[PDB]
18 protein chains.
Amino acid sequence: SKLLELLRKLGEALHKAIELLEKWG
Amino acid sequence: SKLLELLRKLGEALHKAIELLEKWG
Amino acid sequence: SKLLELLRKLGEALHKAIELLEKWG
Amino acid sequence: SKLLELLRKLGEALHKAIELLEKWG
Amino acid sequence: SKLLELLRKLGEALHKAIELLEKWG
Amino acid sequence: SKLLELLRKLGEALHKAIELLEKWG
Amino acid sequence: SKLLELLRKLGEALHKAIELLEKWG
Amino acid sequence: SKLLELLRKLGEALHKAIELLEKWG
Amino acid sequence: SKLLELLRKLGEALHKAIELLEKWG
Amino acid sequence: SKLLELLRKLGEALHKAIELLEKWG
Amino acid sequence: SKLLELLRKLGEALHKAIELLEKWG
Amino acid sequence: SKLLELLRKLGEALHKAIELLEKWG
Amino acid sequence: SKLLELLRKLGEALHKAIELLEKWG
Amino acid sequence: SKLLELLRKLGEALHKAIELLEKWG
Amino acid sequence: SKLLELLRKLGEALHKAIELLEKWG
Amino acid sequence: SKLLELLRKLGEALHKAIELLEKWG
Amino acid sequence: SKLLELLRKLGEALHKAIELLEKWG
Amino acid sequence: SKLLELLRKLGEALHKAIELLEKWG
């Protein structure tokens, strides 16, 4: 359950990073 | 921006796939 | 409907990828 | 060029088919 | 009218596939 | 050649009938 | 032999579509 | 005029089908 | 109303033509 | 016997078309 | 083959009737 | 012009039909 | 109206021929 | 219900078209 | 043949989607 | 069971599409 | 070049997510 | 083991995204 929670947060970070990349790109 | 759009949509799909994975796990 | 939402997002991404293939190809 | 058009169209059909599957699901 | 959209798209894909066959055949 | 030509025409006829279905539906 | 199977199926699709047009019109 | 267009297409499919019958028969 | 009667008859003719092509083919 | 019923249908169709041309012309 | 010629001619006549209808319609 | 083509084609079909009758009779 | 007069009679004649071929064949 | 059996037939046709494109391609 | 591999997979995915629409609808 | 089969197939298709985009781009 | 290797990684991640959803679902 | 394979890939992707944001920013 804790490992899953981490995967979720990495997934949330990755998504936000990609959204920033398009705003800048 | 078309490549960046595809990156966003794959990011969204991965984000949602992990959320489901947690919900089932 | 979580699984169906994932299917939708993969469909959107698959569609954009093909559109990019047509443009580039 | 025509094979890629056919791919675009099948992609659009697939995308629409999933959206409908979600509306009924 | 979403089912009739799906049907238009499938008919367009079927017309393109046959058209491609005729070119290769 | 003529069989493929017939298939093209049948595909064109089907595609048009579906478009008209959409307009009436 | 596969071309004739395509032929029948296009015919069955076109028959179905015509019936619908008959009904709605 | 779209119904007439469909009629034309069915007409020319029927003509091509008959041409083929004559060739085979 | 008459256009739809014609439409039906073309379809019934085309069906029979196809049925013949299936047997002979 | 199959060729003869096709002959009948073609004539029923052609009769419909002639009738329509008569009214419109 | 003589009956098949008659079917060809009827098919051709029917095609020209529909062309005329489309033009007048 | 198109009406005259139709008449010619019906004239040809009539002529063919009479020849077939003469053989069968 | 004369050309259409002729068309009707031509069609009326062809129909009778077709009926005879039907009965004899 | 009738639109759904048309959808099926369109799919069965499109499948056979794709099959042919694989073999010939 | 790479584009034909993609075509085949799009077709397998569209098949499954349709098949689900048939069952649910 | 079928939704997961569809999920698998969309992924298999996206993979092939991404592959070609990497090479082409 | 960098965006395309990001595309690859998102694909490889999404693949594994789906693969887990397969086994678990 | 499978969830750790996913964890590694999410990190590899997020690294690539961060390095892009680094270069562009």
# chains A, B, ... in the order shown; residues from 1 in each chain; ligands from 1
$ residues_around --residues "region 13-15 of chain D" --least-positions-apart "4" --cutoff "7 Å" --atoms "only C-alpha atoms" --output "VMD selection string"
(chain C and resid 11 to 12 15) or (chain D and resid 9 19) or (chain E and resid 6 9 to 10) or (chain O and resid 14)
$ write_last_selection --atoms "N, CA, C and O atoms" --output "tab-separated table (two decimals), in the first residue's frame"
chain	number	residue	atom	x	y	z
C	11	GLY	N	-7.11	5.70	-25.96
C	11	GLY	CA	-7.70	5.96	-27.27
C	11	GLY	C	-7.35	7.34	-27.80
C	11	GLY	O	-7.00	7.48	-28.98
C	12	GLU	N	-7.43	8.36	-26.94
C	12	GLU	CA	-7.02	9.72	-27.30
C	12	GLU	C	-5.53	9.77	-27.66
C	12	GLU	O	-5.16	10.40	-28.65
C	15	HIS	N	-4.81	7.88	-31.00
C	15	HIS	CA	-5.31	8.74	-32.08
C	15	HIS	C	-4.32	9.86	-32.43
C	15	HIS	O	-4.03	10.09	-33.61
D	9	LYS	N	-8.22	6.91	-39.95
D	9	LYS	CA	-9.67	6.66	-39.90
D	9	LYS	C	-10.06	5.56	-38.92
D	9	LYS	O	-11.04	5.70	-38.20
D	19	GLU	N	-15.41	6.09	-26.48
D	19	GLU	CA	-16.27	7.16	-25.93
D	19	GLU	C	-17.73	6.73	-25.77
D	19	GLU	O	-18.37	7.05	-24.76
E	6	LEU	N	-20.14	6.91	-35.08
E	6	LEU	CA	-19.34	5.69	-35.17
E	6	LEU	C	-19.55	5.00	-36.52
E	6	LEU	O	-18.57	4.63	-37.18
E	9	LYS	N	-17.91	6.81	-39.54
E	9	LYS	CA	-16.45	6.61	-39.47
E	9	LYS	C	-16.03	5.23	-39.93
E	9	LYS	O	-15.06	5.10	-40.66
E	10	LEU	N	-16.76	4.20	-39.49
E	10	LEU	CA	-16.52	2.82	-39.96
E	10	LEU	C	-16.75	2.66	-41.46
E	10	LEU	O	-16.00	1.94	-42.12
O	14	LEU	N	-10.37	-2.48	-32.50
O	14	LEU	CA	-11.69	-2.04	-32.96
O	14	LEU	C	-12.72	-3.17	-32.92
O	14	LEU	O	-13.87	-2.95	-32.54
$ calpha_fit_and_write --fixed "chain D" --moving "chain E" --output "PDB file with N, CA, C and O atoms, in the first residue's frame"
ATOM      1  N   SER E   1       1.041   6.885 -48.232  1.00  0.00           N
ATOM      2  CA  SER E   1       0.183   7.875 -47.504  1.00  0.00           C
ATOM      3  C   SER E   1      -1.320   7.550 -47.531  1.00  0.00           C
ATOM      4  O   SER E   1      -2.084   8.173 -46.795  1.00  0.00           O
ATOM      5  N   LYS E   2      -1.743   6.619 -48.392  1.00  0.00           N
ATOM      6  CA  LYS E   2      -3.115   6.074 -48.355  1.00  0.00           C
ATOM      7  C   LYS E   2      -3.292   5.071 -47.210  1.00  0.00           C
ATOM      8  O   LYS E   2      -4.373   4.996 -46.621  1.00  0.00           O
ATOM      9  N   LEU E   3      -2.247   4.302 -46.910  1.00  0.00           N
ATOM     10  CA  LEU E   3      -2.255   3.410 -45.746  1.00  0.00           C
ATOM     11  C   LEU E   3      -2.299   4.191 -44.430  1.00  0.00           C
ATOM     12  O   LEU E   3      -2.962   3.767 -43.489  1.00  0.00           O
ATOM     13  N   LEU E   4      -1.600   5.325 -44.375  1.00  0.00           N
ATOM     14  CA  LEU E   4      -1.657   6.231 -43.214  1.00  0.00           C
ATOM     15  C   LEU E   4      -2.999   6.967 -43.077  1.00  0.00           C
ATOM     16  O   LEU E   4      -3.347   7.411 -41.979  1.00  0.00           O
ATOM     17  N   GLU E   5      -3.725   7.119 -44.187  1.00  0.00           N
ATOM     18  CA  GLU E   5      -5.087   7.663 -44.171  1.00  0.00           C
ATOM     19  C   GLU E   5      -6.019   6.614 -43.570  1.00  0.00           C
ATOM     20  O   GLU E   5      -6.761   6.911 -42.639  1.00  0.00           O
ATOM     21  N   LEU E   6      -5.949   5.384 -44.079  1.00  0.00           N
ATOM     22  CA  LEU E   6      -6.704   4.271 -43.505  1.00  0.00           C
ATOM     23  C   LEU E   6      -6.488   4.193 -41.991  1.00  0.00           C
ATOM     24  O   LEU E   6      -7.453   4.075 -41.235  1.00  0.00           O
ATOM     25  N   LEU E   7      -5.234   4.314 -41.555  1.00  0.00           N
ATOM     26  CA  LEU E   7      -4.893   4.234 -40.121  1.00  0.00           C
ATOM     27  C   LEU E   7      -5.491   5.375 -39.279  1.00  0.00           C
ATOM     28  O   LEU E   7      -6.020   5.117 -38.192  1.00  0.00           O
ATOM     29  N   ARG E   8      -5.417   6.615 -39.770  1.00  0.00           N
ATOM     30  CA  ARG E   8      -6.089   7.744 -39.107  1.00  0.00           C
ATOM     31  C   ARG E   8      -7.579   7.465 -38.900  1.00  0.00           C
ATOM     32  O   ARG E   8      -8.092   7.676 -37.801  1.00  0.00           O
ATOM     33  N   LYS E   9      -8.249   6.985 -39.954  1.00  0.00           N
ATOM     34  CA  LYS E   9      -9.696   6.702 -39.931  1.00  0.00           C
ATOM     35  C   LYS E   9     -10.059   5.606 -38.946  1.00  0.00           C
ATOM     36  O   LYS E   9     -11.043   5.736 -38.223  1.00  0.00           O
ATOM     37  N   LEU E  10      -9.285   4.522 -38.944  1.00  0.00           N
ATOM     38  CA  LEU E  10      -9.476   3.442 -37.961  1.00  0.00           C
ATOM     39  C   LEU E  10      -9.261   3.906 -36.519  1.00  0.00           C
ATOM     40  O   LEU E  10      -9.984   3.478 -35.625  1.00  0.00           O
ATOM     41  N   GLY E  11      -8.271   4.774 -36.304  1.00  0.00           N
ATOM     42  CA  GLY E  11      -8.034   5.377 -34.990  1.00  0.00           C
ATOM     43  C   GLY E  11      -9.161   6.292 -34.537  1.00  0.00           C
ATOM     44  O   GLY E  11      -9.503   6.315 -33.353  1.00  0.00           O
ATOM     45  N   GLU E  12      -9.725   7.053 -35.476  1.00  0.00           N
ATOM     46  CA  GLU E  12     -10.912   7.876 -35.211  1.00  0.00           C
ATOM     47  C   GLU E  12     -12.153   7.032 -34.889  1.00  0.00           C
ATOM     48  O   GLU E  12     -12.949   7.412 -34.033  1.00  0.00           O
ATOM     49  N   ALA E  13     -12.313   5.900 -35.568  1.00  0.00           N
ATOM     50  CA  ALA E  13     -13.431   4.999 -35.294  1.00  0.00           C
ATOM     51  C   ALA E  13     -13.275   4.322 -33.936  1.00  0.00           C
ATOM     52  O   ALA E  13     -14.252   4.161 -33.203  1.00  0.00           O
ATOM     53  N   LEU E  14     -12.047   3.928 -33.614  1.00  0.00           N
ATOM     54  CA  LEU E  14     -11.730   3.296 -32.327  1.00  0.00           C
ATOM     55  C   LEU E  14     -11.926   4.243 -31.150  1.00  0.00           C
ATOM     56  O   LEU E  14     -12.421   3.834 -30.108  1.00  0.00           O
ATOM     57  N   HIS E  15     -11.543   5.504 -31.325  1.00  0.00           N
ATOM     58  CA  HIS E  15     -11.768   6.540 -30.308  1.00  0.00           C
ATOM     59  C   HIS E  15     -13.264   6.789 -30.066  1.00  0.00           C
ATOM     60  O   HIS E  15     -13.685   6.942 -28.922  1.00  0.00           O
ATOM     61  N   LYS E  16     -14.051   6.823 -31.139  1.00  0.00           N
ATOM     62  CA  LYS E  16     -15.507   7.013 -31.048  1.00  0.00           C
ATOM     63  C   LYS E  16     -16.211   5.826 -30.395  1.00  0.00           C
ATOM     64  O   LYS E  16     -17.141   6.016 -29.611  1.00  0.00           O
ATOM     65  N   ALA E  17     -15.773   4.611 -30.722  1.00  0.00           N
ATOM     66  CA  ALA E  17     -16.342   3.392 -30.129  1.00  0.00           C
ATOM     67  C   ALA E  17     -16.129   3.327 -28.609  1.00  0.00           C
ATOM     68  O   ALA E  17     -17.063   3.018 -27.859  1.00  0.00           O
ATOM     69  N   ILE E  18     -14.903   3.631 -28.175  1.00  0.00           N
ATOM     70  CA  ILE E  18     -14.549   3.683 -26.746  1.00  0.00           C
ATOM     71  C   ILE E  18     -15.337   4.777 -26.029  1.00  0.00           C
ATOM     72  O   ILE E  18     -15.869   4.560 -24.942  1.00  0.00           O
ATOM     73  N   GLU E  19     -15.385   5.952 -26.644  1.00  0.00           N
ATOM     74  CA  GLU E  19     -16.163   7.090 -26.146  1.00  0.00           C
ATOM     75  C   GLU E  19     -17.639   6.724 -25.931  1.00  0.00           C
ATOM     76  O   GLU E  19     -18.251   7.130 -24.936  1.00  0.00           O
ATOM     77  N   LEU E  20     -18.188   5.940 -26.859  1.00  0.00           N
ATOM     78  CA  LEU E  20     -19.568   5.449 -26.775  1.00  0.00           C
ATOM     79  C   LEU E  20     -19.731   4.418 -25.658  1.00  0.00           C
ATOM     80  O   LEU E  20     -20.718   4.459 -24.922  1.00  0.00           O
ATOM     81  N   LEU E  21     -18.773   3.497 -25.546  1.00  0.00           N
ATOM     82  CA  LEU E  21     -18.730   2.540 -24.434  1.00  0.00           C
ATOM     83  C   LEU E  21     -18.759   3.246 -23.085  1.00  0.00           C
ATOM     84  O   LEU E  21     -19.572   2.909 -22.228  1.00  0.00           O
ATOM     85  N   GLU E  22     -17.888   4.236 -22.912  1.00  0.00           N
ATOM     86  CA  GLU E  22     -17.842   5.015 -21.674  1.00  0.00           C
ATOM     87  C   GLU E  22     -19.186   5.658 -21.327  1.00  0.00           C
ATOM     88  O   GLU E  22     -19.546   5.732 -20.153  1.00  0.00           O
ATOM     89  N   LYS E  23     -19.911   6.125 -22.343  1.00  0.00           N
ATOM     90  CA  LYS E  23     -21.244   6.698 -22.144  1.00  0.00           C
ATOM     91  C   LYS E  23     -22.262   5.647 -21.677  1.00  0.00           C
ATOM     92  O   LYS E  23     -23.046   5.909 -20.763  1.00  0.00           O
ATOM     93  N   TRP E  24     -22.240   4.468 -22.303  1.00  0.00           N
ATOM     94  CA  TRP E  24     -23.149   3.368 -21.937  1.00  0.00           C
ATOM     95  C   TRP E  24     -22.723   2.615 -20.672  1.00  0.00           C
ATOM     96  O   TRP E  24     -23.575   2.125 -19.929  1.00  0.00           O
ATOM     97  N   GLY E  25     -21.415   2.511 -20.439  1.00  0.00           N
ATOM     98  CA  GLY E  25     -20.874   1.783 -19.291  1.00  0.00           C
ATOM     99  C   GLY E  25     -21.062   2.500 -17.967  1.00  0.00           C
ATOM    100  O   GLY E  25     -20.786   1.932 -16.910  1.00  0.00           O
TER     101      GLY E  25
END
$ decode --residues "chain Q" --atoms "N, CA, C and O atoms" --output "PDB file, in the first residue's frame"
ATOM      1  N   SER Q   1      14.825  14.824 -30.134  1.00  0.00           N
ATOM      2  CA  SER Q   1      15.617  13.635 -29.667  1.00  0.00           C
ATOM      3  C   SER Q   1      15.380  13.312 -28.188  1.00  0.00           C
ATOM      4  O   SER Q   1      15.159  12.153 -27.833  1.00  0.00           O
ATOM      5  N   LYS Q   2      15.407  14.345 -27.343  1.00  0.00           N
ATOM      6  CA  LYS Q   2      15.171  14.194 -25.901  1.00  0.00           C
ATOM      7  C   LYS Q   2      13.695  13.916 -25.592  1.00  0.00           C
ATOM      8  O   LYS Q   2      13.377  13.069 -24.754  1.00  0.00           O
ATOM      9  N   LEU Q   3      12.804  14.642 -26.264  1.00  0.00           N
ATOM     10  CA  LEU Q   3      11.359  14.403 -26.168  1.00  0.00           C
ATOM     11  C   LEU Q   3      10.955  12.996 -26.604  1.00  0.00           C
ATOM     12  O   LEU Q   3      10.049  12.402 -26.017  1.00  0.00           O
ATOM     13  N   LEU Q   4      11.618  12.473 -27.632  1.00  0.00           N
ATOM     14  CA  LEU Q   4      11.325  11.130 -28.132  1.00  0.00           C
ATOM     15  C   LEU Q   4      11.811  10.032 -27.178  1.00  0.00           C
ATOM     16  O   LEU Q   4      11.155   8.995 -27.063  1.00  0.00           O
ATOM     17  N   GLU Q   5      12.941  10.238 -26.496  1.00  0.00           N
ATOM     18  CA  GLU Q   5      13.355   9.274 -25.460  1.00  0.00           C
ATOM     19  C   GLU Q   5      12.454   9.366 -24.219  1.00  0.00           C
ATOM     20  O   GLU Q   5      12.179   8.345 -23.584  1.00  0.00           O
ATOM     21  N   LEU Q   6      11.951  10.566 -23.915  1.00  0.00           N
ATOM     22  CA  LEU Q   6      10.872  10.716 -22.929  1.00  0.00           C
ATOM     23  C   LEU Q   6       9.599   9.959 -23.355  1.00  0.00           C
ATOM     24  O   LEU Q   6       8.973   9.290 -22.528  1.00  0.00           O
ATOM     25  N   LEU Q   7       9.226  10.062 -24.635  1.00  0.00           N
ATOM     26  CA  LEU Q   7       8.093   9.301 -25.194  1.00  0.00           C
ATOM     27  C   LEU Q   7       8.270   7.801 -24.975  1.00  0.00           C
ATOM     28  O   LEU Q   7       7.363   7.141 -24.466  1.00  0.00           O
ATOM     29  N   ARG Q   8       9.447   7.284 -25.336  1.00  0.00           N
ATOM     30  CA  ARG Q   8       9.794   5.872 -25.104  1.00  0.00           C
ATOM     31  C   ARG Q   8       9.581   5.458 -23.643  1.00  0.00           C
ATOM     32  O   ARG Q   8       8.928   4.443 -23.381  1.00  0.00           O
ATOM     33  N   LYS Q   9      10.118   6.247 -22.707  1.00  0.00           N
ATOM     34  CA  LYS Q   9      10.053   5.909 -21.276  1.00  0.00           C
ATOM     35  C   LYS Q   9       8.615   5.869 -20.775  1.00  0.00           C
ATOM     36  O   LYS Q   9       8.222   4.906 -20.124  1.00  0.00           O
ATOM     37  N   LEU Q  10       7.834   6.897 -21.102  1.00  0.00           N
ATOM     38  CA  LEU Q  10       6.392   6.909 -20.793  1.00  0.00           C
ATOM     39  C   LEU Q  10       5.666   5.666 -21.331  1.00  0.00           C
ATOM     40  O   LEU Q  10       4.796   5.102 -20.655  1.00  0.00           O
ATOM     41  N   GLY Q  11       6.033   5.245 -22.538  1.00  0.00           N
ATOM     42  CA  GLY Q  11       5.508   4.017 -23.123  1.00  0.00           C
ATOM     43  C   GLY Q  11       5.888   2.775 -22.339  1.00  0.00           C
ATOM     44  O   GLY Q  11       5.029   1.956 -22.023  1.00  0.00           O
ATOM     45  N   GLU Q  12       7.175   2.645 -22.020  1.00  0.00           N
ATOM     46  CA  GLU Q  12       7.676   1.514 -21.223  1.00  0.00           C
ATOM     47  C   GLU Q  12       7.035   1.448 -19.831  1.00  0.00           C
ATOM     48  O   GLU Q  12       6.787   0.359 -19.311  1.00  0.00           O
ATOM     49  N   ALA Q  13       6.767   2.612 -19.242  1.00  0.00           N
ATOM     50  CA  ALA Q  13       6.105   2.695 -17.938  1.00  0.00           C
ATOM     51  C   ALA Q  13       4.640   2.299 -18.047  1.00  0.00           C
ATOM     52  O   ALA Q  13       4.139   1.478 -17.270  1.00  0.00           O
ATOM     53  N   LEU Q  14       3.963   2.888 -19.028  1.00  0.00           N
ATOM     54  CA  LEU Q  14       2.555   2.588 -19.305  1.00  0.00           C
ATOM     55  C   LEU Q  14       2.335   1.103 -19.632  1.00  0.00           C
ATOM     56  O   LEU Q  14       1.367   0.505 -19.161  1.00  0.00           O
ATOM     57  N   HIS Q  15       3.253   0.512 -20.398  1.00  0.00           N
ATOM     58  CA  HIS Q  15       3.257  -0.933 -20.670  1.00  0.00           C
ATOM     59  C   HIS Q  15       3.221  -1.778 -19.395  1.00  0.00           C
ATOM     60  O   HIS Q  15       2.409  -2.697 -19.276  1.00  0.00           O
ATOM     61  N   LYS Q  16       4.109  -1.462 -18.454  1.00  0.00           N
ATOM     62  CA  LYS Q  16       4.216  -2.222 -17.207  1.00  0.00           C
ATOM     63  C   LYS Q  16       2.988  -2.046 -16.319  1.00  0.00           C
ATOM     64  O   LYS Q  16       2.509  -3.019 -15.740  1.00  0.00           O
ATOM     65  N   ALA Q  17       2.478  -0.818 -16.237  1.00  0.00           N
ATOM     66  CA  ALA Q  17       1.221  -0.525 -15.538  1.00  0.00           C
ATOM     67  C   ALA Q  17       0.083  -1.398 -16.061  1.00  0.00           C
ATOM     68  O   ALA Q  17      -0.571  -2.103 -15.286  1.00  0.00           O
ATOM     69  N   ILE Q  18      -0.117  -1.361 -17.380  1.00  0.00           N
ATOM     70  CA  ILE Q  18      -1.122  -2.188 -18.061  1.00  0.00           C
ATOM     71  C   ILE Q  18      -0.893  -3.674 -17.763  1.00  0.00           C
ATOM     72  O   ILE Q  18      -1.833  -4.375 -17.390  1.00  0.00           O
ATOM     73  N   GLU Q  19       0.349  -4.137 -17.920  1.00  0.00           N
ATOM     74  CA  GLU Q  19       0.713  -5.530 -17.594  1.00  0.00           C
ATOM     75  C   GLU Q  19       0.326  -5.953 -16.177  1.00  0.00           C
ATOM     76  O   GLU Q  19      -0.060  -7.102 -15.966  1.00  0.00           O
ATOM     77  N   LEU Q  20       0.452  -5.039 -15.214  1.00  0.00           N
ATOM     78  CA  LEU Q  20       0.027  -5.314 -13.835  1.00  0.00           C
ATOM     79  C   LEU Q  20      -1.494  -5.352 -13.727  1.00  0.00           C
ATOM     80  O   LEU Q  20      -2.050  -6.283 -13.144  1.00  0.00           O
ATOM     81  N   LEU Q  21      -2.156  -4.347 -14.305  1.00  0.00           N
ATOM     82  CA  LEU Q  21      -3.624  -4.320 -14.397  1.00  0.00           C
ATOM     83  C   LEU Q  21      -4.197  -5.586 -15.054  1.00  0.00           C
ATOM     84  O   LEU Q  21      -5.281  -6.036 -14.688  1.00  0.00           O
ATOM     85  N   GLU Q  22      -3.461  -6.154 -16.011  1.00  0.00           N
ATOM     86  CA  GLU Q  22      -3.808  -7.454 -16.594  1.00  0.00           C
ATOM     87  C   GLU Q  22      -3.847  -8.554 -15.530  1.00  0.00           C
ATOM     88  O   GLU Q  22      -4.897  -9.157 -15.299  1.00  0.00           O
ATOM     89  N   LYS Q  23      -2.709  -8.787 -14.879  1.00  0.00           N
ATOM     90  CA  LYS Q  23      -2.580  -9.852 -13.876  1.00  0.00           C
ATOM     91  C   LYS Q  23      -3.553  -9.686 -12.710  1.00  0.00           C
ATOM     92  O   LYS Q  23      -4.184 -10.656 -12.284  1.00  0.00           O
ATOM     93  N   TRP Q  24      -3.675  -8.459 -12.212  1.00  0.00           N
ATOM     94  CA  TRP Q  24      -4.504  -8.168 -11.036  1.00  0.00           C
ATOM     95  C   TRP Q  24      -6.001  -8.184 -11.354  1.00  0.00           C
ATOM     96  O   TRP Q  24      -6.789  -8.730 -10.580  1.00  0.00           O
ATOM     97  N   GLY Q  25      -6.382  -7.592 -12.486  1.00  0.00           N
ATOM     98  CA  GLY Q  25      -7.784  -7.526 -12.905  1.00  0.00           C
ATOM     99  C   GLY Q  25      -8.361  -8.866 -13.333  1.00  0.00           C
ATOM    100  O   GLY Q  25      -7.625  -9.802 -13.655  1.00  0.00           O
TER     101      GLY Q  25
END
